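Each chain is listed here by its residues.
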Amino acid sequence: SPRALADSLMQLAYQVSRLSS
Amino acid sequence: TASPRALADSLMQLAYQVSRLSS
Amino acid sequence: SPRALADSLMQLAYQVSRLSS
Amino acid sequence: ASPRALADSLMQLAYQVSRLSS
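On to the interface of chain A and chain B. Contacts between chain A and chain B engage 14 residues on the former and 13 residues on the latter. Surface buried jointly by chain A and chain B totals about 1000 Å² across both partners, of which 80% is contributed by carbon and sulfur atoms. In this assembly, chain A and chain B are joined by zero salt bridges. Counting the contacts that link chain A with chain B gives zero residue pairs in polar contact. For the side of chain A that touches chain B, the class distribution of residues is nine nonpolar, four polar and one charged.

And the structure:
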């Protein structure tokens, strides 16, 4: 579902924000 | 390659758009 | 890992492409 | 934006994410 995919993308966005260059 | 912060901000904005799609 | 997150994102991108406007 | 366009953008972002570091 769109909502399930959006939830997953939001979680991944926060994880990506904790990476480094 | 963009920064982690810029990529995360982009992903967040896309996630909000995805949520408005339909099955 | 960046690779694992990127692979997850690619899978999600493909699923998004199969959604409807 | 269309599902196709959003998917293209997400794919582009995934390629970039793969070049980041832990």
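Bringing the packing of helix α1 (residues 4–18) of chain B against helix α1 (residues 3–17) of chain D into the picture now. Relative orientation of the contacting elements α1(B) and α1(D) amounts to 155°, with a least axis distance of 11 Å. Considered as vectors, α1(B) and α1(D) are oriented roughly antiparallel to each other. Here the hand of the crossing between α1(B) and α1(D) comes out left-handed. Contacts between α1(B) and α1(D) involve B:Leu7, B:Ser10, B:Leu11, B:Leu14, B:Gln17 and B:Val18 from the former and D:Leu6, D:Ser9, D:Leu10, D:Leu13, D:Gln16 and D:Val17 from the latter. Of the residues in the contact of α1(B) with α1(D), the class split is eight nonpolar, four polar and no charged.

This part covers the interface of chain D and chain C. Each partner contributes residues to the interface: chain D has twelve residues there, and chain C has twelve residues. Interface area, chain D with chain C, both sides summed: about 980 Å², of which 82% is carbon and sulfur. In this structure, the connection of chain D to chain C is made through zero salt bridges. Taken together, chain D and chain C are joined by zero residue pairs in polar contact. Among the residues forming the side of chain D that touches chain C, the class breakdown is nine nonpolar, three polar and no charged.

Calculation criteria
- All residue numbers refer to a per-chain count from 1 along the written sequence rather than necessarily to the numbering of the entry. Residues that lack coordinates are not shown.
- To read the labels, note that chains go from A and ligands from 1, taken in the order they are written.
- The basis for every side-chain value is the complete set of heavy atoms in the structure, and neither hydrogens nor water enter the calculation.
- Residue contacts are defined here by distance: any two heavy atoms, one from each residue, within 4.5 Å place the two residues in contact.
- Computed with a 1.4 Å rolling probe, the buried area is the accessible surface lost when two parts are put together, summed over both parts.
- Put simply, a salt bridge is a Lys or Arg side-chain nitrogen that is within 4 Å of an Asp or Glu carboxyl oxygen.
- What qualifies as a polar contact is a pair of N or O atoms within 3.5 Å, subject to a donor-acceptor requirement within protein and to the restriction that residues adjacent in sequence count only when both atoms come from side chains.
- Classification convention: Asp, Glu, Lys, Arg as charged; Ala, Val, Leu, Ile, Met, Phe, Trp, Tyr, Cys, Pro as nonpolar; all other residues, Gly among them, as polar.
- What counts as an axis is a line fitted to C-alpha atoms, over the stretch in contact for a helix, and the angles between N-to-C directions run from 0 to 180 degrees.
- Note on conventions: DSSP H or I runs of at least 4 residues are helices, E runs of at least 2 residues are strands, and numbering of each starts at the N terminus.
- When describing relative orientation, an angle under 35 degrees is termed roughly parallel and one over 145 degrees roughly antiparallel, while 65 to 115 degrees is termed roughly perpendicular and anything else oblique.
- Helix crossings fall into two classes, left-handed where the near helix is turned counterclockwise from the far one by less than a right angle and right-handed where it is turned clockwise.

As far as function goes, none of this settles anything; it's purely spatial.
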